[PDB]
Amino acid sequence: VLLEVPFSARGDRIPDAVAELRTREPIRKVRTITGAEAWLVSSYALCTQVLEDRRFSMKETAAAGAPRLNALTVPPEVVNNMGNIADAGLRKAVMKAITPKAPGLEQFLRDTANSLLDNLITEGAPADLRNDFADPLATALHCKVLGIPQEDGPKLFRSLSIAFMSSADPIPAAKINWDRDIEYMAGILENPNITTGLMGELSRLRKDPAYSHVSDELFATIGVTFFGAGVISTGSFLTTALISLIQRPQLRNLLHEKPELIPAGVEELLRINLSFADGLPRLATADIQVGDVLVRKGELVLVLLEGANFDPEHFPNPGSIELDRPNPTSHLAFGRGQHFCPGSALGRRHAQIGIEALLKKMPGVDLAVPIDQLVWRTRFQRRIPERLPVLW
Ligand code: HEM
Ligand SMILES: Fc1ccc(-c2ccc(/C=C/Cn3ccnc3)cc2)cc1
């Protein structure tokens, strides 16, 4: 049979097959869960080529009749969300609202992490570091960043186990949740009490004549999409980074003893992270040579992030965490090119503060079950354990 993607939902180890593929066929034909054919790209060189050539288009993946990685979970126009934000003149305001350096935000993150951890310690081991630490921390962070009530976070969070599904077919619950969450964000924009964060700023610009013909639809869409992408990405990254750290007691102890090394540690944890369950999809808008393959206009290309990030040509001894690499931020964990993650700095800070807090409170943190007992979520856009049971 034609090789099927994805290879494994496990986020604790890279399949031996990725390295064989990278060496022998760094661009290779595969079949996606929809039955469509696609080109899987797995070397640093070819992954960077695709992501830096805008003729491999994110927007066009949404075209009717295209070969699909998975079913849309947002309206087709929303696949071009960042381009819509740019065209509306809103990129700078969005970026300023989501920087980790906003006054009080870092201290809020620290206080929230420490309170979550104190609750776990009071209750006693075992603790679930995903559902009762990493995801709540992500959720609290994004409510603060958006300027919305903390008590609204849990309901918004509960859309995400459906919103970020990677499904062969359209998902009826995804539309129900999308429409409801859009209505929530539209109400937020009409709420005079919402004056801070991303939604407070968007509410102001919505009433500013310089933005008078931006649609109410776009303003609410920004709220739903930034909450969803930010929460799912940060909660999932921190969860799987904590596994990688628990798997490395020598590194855990070093970062505990020398917390000034945590930023370098988080950068390597980003590099080796397996959180993205599928390659990043793009549709060719011209015939383009990629390695030994002439990709044809209309074909689907999938950029495998761990293909690039474990490439031994670019990252020697790729499975080893090294805090002194000469090319440390040159990984693709945040993508590359036109669609580079707009939340990258906030995502770094969320993980840095979360790990700093956990190592101080739980220096002896260890898995409370054998690692093979973790239950890896399937048919999802991220690789995550359903529960992360730890002791300390
Ligand atoms: C460790 C945390 C995160 C990781 C690993 C991550 C990863 C990524 C990656 C790989 C992309 C590129 C997708 C592509 O090119 O197809 C991306 C884009 C995106 N990220 Fe993140 N992200 C993180 C945190 C965040 C946060 C905190 C936010 C917002 C608050 C965010 C919002 C977005 C959005 C809206 C896009 C789409 C950009 C576009 O279409 O041009 N992400 N992210
Ligand atoms: F009910 C729902 C349905 C869908 C969503 C939803 C889906 C996708 C994105 C954004 C993906 C872009 N992206 C690429 C890499 N990381 C992130 C945002 C929100 C939220 C609630």
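Chain A is numbered as in Swiss-Prot, which gives 5-396 for the residues shown.
According to its header, this structure was worked out by X-ray crystallography, 1.5 Å.
A Cβ is built for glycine as well, from the same backbone N, Cα and C atoms used for every other residue.
The annotation in Swiss-Prot ties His343, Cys345 to heme, and of the candidates under consideration, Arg252, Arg256, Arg275, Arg286, the one tied to the same site is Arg286. Binding of substrate is attributed by Swiss-Prot to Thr77, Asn85, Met86, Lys301, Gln385, and the same site annotation extends, among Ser12, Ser237, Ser248, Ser348, to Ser237. The two recorded residues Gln385 (substrate binding site) and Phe168 (site 'Participates in a stacking interactions with the tyrosyl of cYY') have their Cα atoms spaced 5 Å from each other.
Proximity of the recorded positions (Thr77, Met86, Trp182, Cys345, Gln385) to ligand 2: a Cβ under 6 Å from the molecule is found for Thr77, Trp182. Separation of the C-alpha atoms of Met86 (substrate binding site) and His343 (heme binding site): 8 Å, rounded to the nearest whole number.
Note on proximity: of the recorded positions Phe168, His343, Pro346, the one nearest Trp182 (site 'Participates in a stacking interactions with the tyrosyl of cYY') is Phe168, by Cα distance.
On its own chain, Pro346 (site 'Important for the position of heme') has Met86, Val98, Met99, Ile102 as residues at least 6 apart in sequence with a Cβ closer than 8 Å to its own Cβ. For ligand 1, the recorded positions lying close by, meaning a CB under 6 A from one of its atoms, are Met86, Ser237, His343; the full candidate list was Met86, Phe168, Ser237, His343, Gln385.
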